[PDB]
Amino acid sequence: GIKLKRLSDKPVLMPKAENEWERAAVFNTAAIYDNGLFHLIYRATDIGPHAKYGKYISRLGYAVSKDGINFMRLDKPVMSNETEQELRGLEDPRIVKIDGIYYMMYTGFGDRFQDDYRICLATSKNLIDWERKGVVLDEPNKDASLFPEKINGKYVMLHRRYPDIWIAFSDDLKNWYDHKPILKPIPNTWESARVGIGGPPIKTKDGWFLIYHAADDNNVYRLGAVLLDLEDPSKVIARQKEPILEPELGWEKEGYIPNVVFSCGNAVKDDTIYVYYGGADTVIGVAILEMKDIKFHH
């Protein structure tokens, strides 16, 4: 079945000692192909991203590439910790573009009380200047994105009421309705502990192609794939049994958080999907999948 193919045995982006805001880790990046270029909005921390290392703050950087492998990067974050909901920063952005506007959903980590993390929304026309729209769902939640277009006149979002992937609908992005779970962990497998989306889903002629992540009972993170019905994305057409990507290389297995591959971004150019992923919550790699190779076992 479906296996992602690494474009490089080295990371495509790494932390930068000279800049405090991204000195420790760059990971879990949004990705989009636009106007002839691959664009990354990447999560970056000043400290290793676990409480055992310290009070890490996540900020969002910008990088750009012609080929999807070799990146140039801006020296300052395009979004920084500004609100109370963002006391400990902004995490794990997912971006789609609808009618000339980029919609980014990210985790605002406050850590003022138990489960003080919230899905937040920001919009942009240019990926540099972001306007905050506030909390999307006022509840402990993350792993969220819009679908890249309206379905039957409505905005559609994926979210993650622990430990399951959920879907919901909205007329205006302000109020959400028709919440329902669509994907759950499976006991005694690689995907037993929890599930959550990767990057935003991608429209194909056979359905919505959605990459997801899961953790096993040792907290090893891997990626998998599902296909959702076009008109009712709450309906799962197919779910591949085996992972599409697992920690294999040294920088996937070792880092601040061991044995993690984790995606928040899948850019598309000429029928090739470029899946960007965090390795060990420390660096960013890329792996590809050609659209024609999206096949689920009949």
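Don't overthink the numbering: it's just position in the shown sequence, from 1.
As the entry records it, the average C-alpha temperature factor is higher for 229-237, out of 229-237 and 61-69. Stretches 98-106 and 185-193 differ in mean CA B factor, with 185-193 having the higher one. Comparing C-alpha B-factors across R118, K180, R88, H159 in the deposited entry, the largest value falls on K180. The PDB entry assigns the greatest CA B-factor among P247, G265, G54, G36 to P247. The PDB entry assigns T272 a C-alpha temperature factor belonging to the highest third of its chain's modelled residues. In this PDB entry, the Cα temperature factor of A24 sits in the bottom third of its chain's modelled residues, the lowest group. Among all modelled residues in this chain, the alpha-carbon of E82 has a temperature factor (C-alpha) in the highest third. Placement of the Cα temperature factor of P201 within the chain: middle third of the modelled residues, per the deposited record. Sorting the modelled residues of the chain by their CA temperature factor places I284 in the lowest third.
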